[PDB]
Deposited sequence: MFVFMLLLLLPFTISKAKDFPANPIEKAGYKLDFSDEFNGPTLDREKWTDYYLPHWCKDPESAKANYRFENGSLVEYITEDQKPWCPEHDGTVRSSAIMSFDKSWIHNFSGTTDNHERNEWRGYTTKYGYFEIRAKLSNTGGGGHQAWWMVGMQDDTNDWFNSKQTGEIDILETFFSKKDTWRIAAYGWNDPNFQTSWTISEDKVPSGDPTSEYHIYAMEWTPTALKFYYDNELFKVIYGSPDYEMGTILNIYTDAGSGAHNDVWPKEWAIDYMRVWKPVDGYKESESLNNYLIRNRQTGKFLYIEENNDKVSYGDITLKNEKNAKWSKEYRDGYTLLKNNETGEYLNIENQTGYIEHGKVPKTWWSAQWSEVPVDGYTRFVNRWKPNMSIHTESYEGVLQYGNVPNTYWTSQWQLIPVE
């Protein structure tokens, strides 16, 4: 009774583009191959997955006597994987020149959409992890070293030893235009027990961003996204960077389904304006003439124009711009209050991390990463300070408006 209920197959405003309901008892070979990156391995039979279907789920598993998947490149790492493609040169994590030629096959490769699995994670504990991830298909050159279409998104990479987390990561590899340094988090999930229950994990990948959802609620945002087709890998590991195996076998997890939907009206390629409302007070942010602070209050016809905001992005951080004044919110002079001015976009004091919480948004400064935007003194003006994530005076709603 503690599983999160499966979502419906039909999603309002979307069309289903791909699904595997994983009922078994055989893997659908029109969608998946059961070898892990076999082009890296002189003998690809080592890279074959072990798996079964149980209770409507794919159960990938590693046995105690399973051999390493590709000892000449990855040492004694063990993994059982399926992939939605089979293609030369893909995901050269070792930077080897030793590719083994494959006849290109694409079970499912796509650019953009709403991607979702429902899964119950390994309960073995000890070293190891499971992963749902996507890699660029390198369609530009069909090699590695000259490709710039090599992005990696680890939608789920949760470690067996960290039972209350959801690990999410991304890196562009050879791509100069996506996530050129690793970003990795493993925040605690807001509810539930991922290793004893089914939960829903999803990513919406648009031209603008990657947005990650846990049981249908926003959990993480990465601004910036790959702009080419990507393939999917679902796998489980032990004896890898996530740690040496403990003595509980097999290492296994269960995936109920994978679904991908496409928006009926497509995605925006990039003009949005926002009102910004405080969770605790219900008041809106605006800039008053001849006031060096940022005000909050009820929406009125008098302040409406001054209550509209734009977002801009730099280094993956958010800048907040008042539409009427053209000024950025910043903390350069460290006064305890949010300032507004036409300051350089390169100032870290004007750049903010967006942190989803409980259906709302916190803004955390880049220059001073302990400082969030809040109104905990309720002084009629906007503050920054170190206050807990659970304080509603630090939680904000960005509301799109004309």
query: Stretches of the record's deposited sequence for which the structure holds no C-alpha atoms; finding: 1 to 16, 287 to 288
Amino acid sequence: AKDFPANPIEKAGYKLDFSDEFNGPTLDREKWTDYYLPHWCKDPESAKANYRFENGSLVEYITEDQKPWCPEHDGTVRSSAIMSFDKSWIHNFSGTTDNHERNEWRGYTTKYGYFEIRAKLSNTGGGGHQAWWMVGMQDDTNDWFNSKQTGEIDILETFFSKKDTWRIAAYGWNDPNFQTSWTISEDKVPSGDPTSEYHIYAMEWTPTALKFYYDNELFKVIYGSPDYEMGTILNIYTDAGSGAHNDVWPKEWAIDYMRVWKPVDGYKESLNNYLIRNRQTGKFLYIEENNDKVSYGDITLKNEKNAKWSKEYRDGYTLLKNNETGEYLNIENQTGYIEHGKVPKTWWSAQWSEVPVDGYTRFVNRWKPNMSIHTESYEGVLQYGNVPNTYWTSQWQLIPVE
From here on, numbers count along this sequence of modelled residues.
property	result
Mean temperature factor over C-alpha atoms, higher-scoring stretch between 43 to 51 and 57 to 65	43 to 51
Segment of higher mean CA temperature factor, 98 to 106 or 78 to 86	98 to 106
Selection from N278, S161, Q138, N291 [criterion: highest C-alpha temperature factor in the record]	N291
C-alpha B-factor winner, where the candidates are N216, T208, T124, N235	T208
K188, C-alpha B-factor rank within chain (lowest, middle or highest third)	middle
Chain thirds of CA B-factor: placement of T165	lowest
Third of the chain, ranked by Cα B-factor, where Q351 sits	middle
Cα B factor band for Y257 (lowest, middle or highest third within the chain)	lowest
Third of the chain's Cα B-factor distribution that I299 belongs to, per the entry	middle
